[PDB]
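1. I need the structure of the sequence given here:
(chains A and B, ligands or ions: 2)
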Amino acid sequence: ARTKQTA
Amino acid sequence: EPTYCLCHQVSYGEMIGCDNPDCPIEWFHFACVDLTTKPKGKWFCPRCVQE
Ligand SMILES: [Zn+2]
Ligand SMILES: [Zn+2]
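-> Numbers count the residues shown, from 1 in each chain, chains lettered A, B, ... in the order given. Ligands and ions are numbered 1, 2, ... in the order given. The structure is reproduced below:
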(Lines give C-alpha, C1' and ligand atoms only; values in the text may rest on other atoms or scores of the structure.)
(Ligands and ions follow the chains in the order given, each with its own letter.)
Protein backbone atom coordinates (compact mmCIF):
# COMPACT_ATOMS: atom_id res chain seq x y z
CA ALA A 1 0.00 0.00 0.00
CA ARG A 2 1.06 3.61 -0.59
CA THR A 3 1.52 5.70 2.54
CA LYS A 4 3.03 9.05 3.48
CA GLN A 5 4.09 10.82 6.66
CA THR A 6 2.50 14.25 7.09
CA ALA A 7 5.27 16.87 6.91
CA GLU B 1 -5.30 23.77 4.40
CA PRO B 2 -6.82 20.79 2.25
CA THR B 3 -8.90 18.16 4.15
CA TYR B 4 -9.04 14.41 3.50
CA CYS B 5 -10.36 11.08 4.74
CA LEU B 6 -13.88 10.17 5.86
CA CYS B 7 -13.40 12.53 8.84
CA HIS B 8 -12.74 15.52 6.53
CA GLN B 9 -9.83 16.81 8.64
CA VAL B 10 -6.41 18.13 7.62
CA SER B 11 -3.59 15.68 6.95
CA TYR B 12 -1.74 14.43 10.05
CA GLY B 13 0.23 11.37 11.10
CA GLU B 14 0.56 8.45 8.69
CA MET B 15 -1.89 8.44 5.81
CA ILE B 16 -2.72 5.74 3.27
CA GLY B 17 -3.79 6.25 -0.33
CA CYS B 18 -6.75 4.56 -2.02
CA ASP B 19 -5.67 2.69 -5.16
CA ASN B 20 -8.87 3.53 -7.07
CA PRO B 21 -7.77 6.46 -9.27
CA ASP B 22 -11.38 7.72 -9.34
CA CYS B 23 -11.59 7.83 -5.53
CA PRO B 24 -12.97 11.22 -4.45
CA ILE B 25 -11.18 11.09 -1.05
CA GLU B 26 -7.77 9.65 -2.17
CA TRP B 27 -6.03 9.83 1.25
CA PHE B 28 -7.08 8.58 4.71
CA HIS B 29 -5.62 8.76 8.24
CA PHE B 30 -4.37 5.32 9.40
CA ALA B 31 -6.56 5.25 12.55
CA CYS B 32 -9.68 6.29 10.64
CA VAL B 33 -9.31 3.08 8.59
CA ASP B 34 -8.22 0.99 11.61
CA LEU B 35 -4.60 0.64 10.45
CA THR B 36 -1.64 0.46 12.81
CA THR B 37 0.91 -0.62 10.19
CA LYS B 38 0.72 -0.11 6.42
CA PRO B 39 -0.89 -3.14 4.73
CA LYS B 40 0.85 -5.18 2.03
CA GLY B 41 -0.25 -4.83 -1.58
CA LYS B 42 -2.95 -2.63 -3.11
CA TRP B 43 -5.44 -0.98 -0.76
CA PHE B 44 -8.93 0.35 -1.51
CA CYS B 45 -10.87 2.52 0.95
CA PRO B 46 -14.25 1.56 2.51
CA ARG B 47 -16.14 3.84 0.12
CA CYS B 48 -14.59 2.30 -3.01
CA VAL B 49 -14.96 -1.29 -1.78
CA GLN B 50 -18.69 -0.77 -1.06
CA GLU B 51 -19.26 1.70 -3.94
ZN1 LIG C 1 -9.52 10.61 9.09
ZN1 LIG D 1 -11.35 5.12 -2.38
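2. going forward, measure contacts and count neighbours with C-alpha atoms only.
-> Will do.
3. how close does the most centrally placed residue in chain B get to ligand 2?
-> The residue lying closest to the centre of chain B (C-alpha atoms, centre = their mean) is residue B:28, at 2.6 Å. For residue B:28, the distance to ligand 2 equals 9 Å [C-alpha to the ion, to the nearest Å].
4. try residue B:50
-> The value you get for residue B:50 to ligand 2, if C-alpha to the ion is used, is 9 Å.
5. with residue B:10 instead?
-> 17 Å.
6. what is the burial count for that residue?
-> The number of residues packed near residue B:10 is 12, by other C-alpha atoms under 10 Å in any protein chain shown.
7. please name the nearest non-neighbouring residue to it.
-> Nearest non-adjacent residue to residue B:10, counting by C-alpha to C-alpha, 6 or more residues apart in numbering or on different chains: residue B:3, 4.3 Å away.
8. would the residue nearest to the centre of chain B count as being in a strand?
-> Yes - with DSSP: H, G, I helix; E, B strand; the rest coil as the criterion, residue B:28 is assigned to a strand.
9. tally of neighbours for residue B:44?
-> Neighbours of residue B:44 under the rule other C-alpha under 10 Å: 17.
10. that one contacts residue B:16, correct?
-> No - using C-alpha atoms under 8 Å, residue B:44 is not in contact with residue B:16, being 9.5 Å away.
11. got the residues of chain B near chain A?
-> Residues of chain B lying close to chain A (C-alpha under 8 Å from any C-alpha of the partner chain) are B:11-18, B:38-43.
12. now which of the residues you listed would you call buried?
-> B:11, B:14-18, B:43 (16 or more other C-alpha atoms under 10 Å in any protein chain shown).
13. in chain B, which spans are helices?
-> B:46-49 (DSSP state H).
14. which one in it is furthest away from the centre?
-> Outermost residue of chain B (C-alpha atoms, centre = their mean): residue B:1, 17.3 Å.
15. which residue packs closest to that residue, ignoring adjacent ones?
-> residue B:10 (6.6 Å).
16. who's in contact with that neighbour?
-> By C-alpha atoms under 8 Å, 6 or more residues apart in numbering or on different chains, residue B:10 lies in contact with B:1-4.
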